[PDB]
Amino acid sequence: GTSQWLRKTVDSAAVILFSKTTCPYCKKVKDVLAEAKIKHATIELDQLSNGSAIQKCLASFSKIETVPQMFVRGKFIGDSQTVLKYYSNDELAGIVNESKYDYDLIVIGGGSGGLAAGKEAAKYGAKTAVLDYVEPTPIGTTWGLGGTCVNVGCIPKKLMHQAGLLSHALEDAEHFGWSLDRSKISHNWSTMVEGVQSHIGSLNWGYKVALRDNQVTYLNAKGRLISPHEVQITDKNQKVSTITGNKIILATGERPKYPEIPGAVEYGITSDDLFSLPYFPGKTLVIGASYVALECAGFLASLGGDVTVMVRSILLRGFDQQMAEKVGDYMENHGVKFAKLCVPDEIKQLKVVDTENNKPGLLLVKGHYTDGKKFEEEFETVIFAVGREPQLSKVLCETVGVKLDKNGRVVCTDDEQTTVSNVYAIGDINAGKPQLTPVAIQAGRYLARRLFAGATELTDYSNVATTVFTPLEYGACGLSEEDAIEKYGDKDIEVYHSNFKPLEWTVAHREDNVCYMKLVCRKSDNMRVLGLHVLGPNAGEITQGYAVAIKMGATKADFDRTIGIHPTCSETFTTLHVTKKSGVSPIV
């Protein structure tokens, strides 16, 4: 075990120092490297249980069993006197810069995963380049550094969600004694967009500054992997060049899909366009039933939009379907219209977007319900949210030897390795992984640490918590009820559940018995919590802490023993008692 680990660590690390905490010579080297501004990984052997065995194994690489020992790109470069010799002769900078390739790491993609990986690698002295390019949407929308989440995803989505929530805070205010004339209050889409875009702008800038401060080379360039170590780059002027890298991280993410219908690409928009849209969507049709579809429909309705969601089959496929129905029901009860069992056939333009008064155009949507009745209705904006897709034909040459699955995603090992051994893939393009920002970030940081700092820790992709930021939010961690039943059998599953009502909703005169939570548990495994689900306000804040407990293997008894904080929504998880099998009502 130790021999394998040390071999991999020496082979892969860009600059690494083997040391001990109580070592005066190790400190001398550390001080020299710090003065010379040489970043590096450090392994303190006296902080590892196999540290003595590691010390002895180092002689297979250096011929010595003492500390300190410094390595650069797979080669022992010296002990304490040797490093200080390089230093006094002005040879040290040259030695630590010596490389077969232009970079130790090239990251293709400057999004959630790629930026996380690139910054983390640079910390340990890996010579790093991050490439980012944003291919314009069909209408021409583009954006700056940071990826999907920062520019056209989690960040602007949640900010618009908040603008939506404030709509209802305005109503609630009156019941709590605030005197205001709601009939004279309106929302300005464009003002909201400007505020959101200003914040996104500060993030674009912040990431650029961060890369500079970490000595990462940032290239606003389209990258193409043409061989295992060669990346072809195309800049803004269309000038083509080649750079070389030892390790390659593919982190190019996905883009929205369009349905294959006449008028879709020409007249429809996606989430890519929505978050910087210069005009008010107005009367909107959202085609799709993904978490993106419902989130966007939701905030658009709360901002006073006339909103219809066209649903082919079900909502939130892959999510707990009881919870998905509850999410949909709340939206429907609050004005979101659902065109159920309906598919679109054709989109026709009736009016072009007014680019001077910033007003939407007008569209005619033609379709049909499964019952054969025709759908024909005018909408000012049509948004497609029918899923997202990798675009690796734009990123990798087929002769490189990176294997993709049927969906065009990269087939990876549990340490993100592709079929090309120096090439790794993280984030949304990694086949089978939850497609979320903190997952991409964790994967990128953990990978960079394994590659360049001798870490062993893999990213745990199991029981990753999620939150859907619909008008009433839905948080989950672990298995849906249906998945747990399929896996373990109905007889081995117990479900504890309850409705609840936020205290805030009482004076506000909001719904009884709408907010809902459940714990899906395994009877034969000490009532192990397999899945946690909550529909309610601040569901992400509620859910997060429980994800740690679930990771640790929480049982129903652990929940029972723990005391609630009052008054909160979350405390309801501490006193659950009604089982589904008992048939008792979950109402309170």
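Rigid core (definition): largest C-alpha set, two forms, superposition within 1.5 Å. In this text, residue numbers run from 1 along the sequence as written.
Visitor: Out of 392-400 and 150-158, which shows the greater rigid core-aligned C-alpha deviation in 9 other deposited structures of this protein?
Guide: When 392-400 and 150-158 are compared in 9 other deposited structures of this protein, the bigger C-alpha shift is seen for 392-400.
Visitor: Taking the root mean square of C-alpha distances over all structures and residues in 9 other deposited structures of this protein, with a rigid core superposition, name the larger of 493-501 and 88-96.
Guide: Looking at 493-501 versus 88-96 in 9 other deposited structures of this protein, the farther one turns out to be 88-96.
Visitor: If you average the Cα B factors in the entry, which is higher, 552-560 or 52-60?
Guide: Result: 52-60.
Visitor: I need to verify one thing: averaged over C-alpha atoms only, is the B-factor higher for 42-50 or for 542-550?
Guide: 42-50 has the higher mean C-alpha B-factor.
Visitor: Would you mind checking which of 381, 308, 188, 215 has the top Cα temperature factor in the PDB entry?
Guide: In the PDB entry, the greatest C-alpha B-factor among 381, 308, 188, 215 is found at 215.
Visitor: Would you mind checking which of 165, 429, 396, 106 has the top Cα temperature factor in the PDB entry?
Guide: Highest CA B-factor of the listed options: 396.
Visitor: Sorting by Cα B-factor within the chain, modelled residues only, which third would residue 139 end up in: lowest, middle or highest?
Guide: Its C-alpha B-factor, which the entry lists for residue 139, ranks in the middle third among residues of this chain.
Visitor: Going by what the PDB entry lists, where does residue 528 fall on CA B-factor within its chain: lowest, middle or highest third?
Guide: For residue 528, the deposited C-alpha B-factor lands in the middle third.
Visitor: What third of its chain, lowest, middle or highest, does the C-alpha temperature factor of residue 26 fall into?
Guide: It falls in the top third of the chain.
Visitor: For residue 270, does the deposited CA B-factor place it in the lowest, middle or highest third of the chain?
Guide: Bottom third by C-alpha B-factor.
Visitor: Pull the Cα B-factor of residue 246 out of the PDB entry and bin it into the chain's lowest, middle or highest third.
Guide: Middle third, going by the recorded CA B-factors of the chain.
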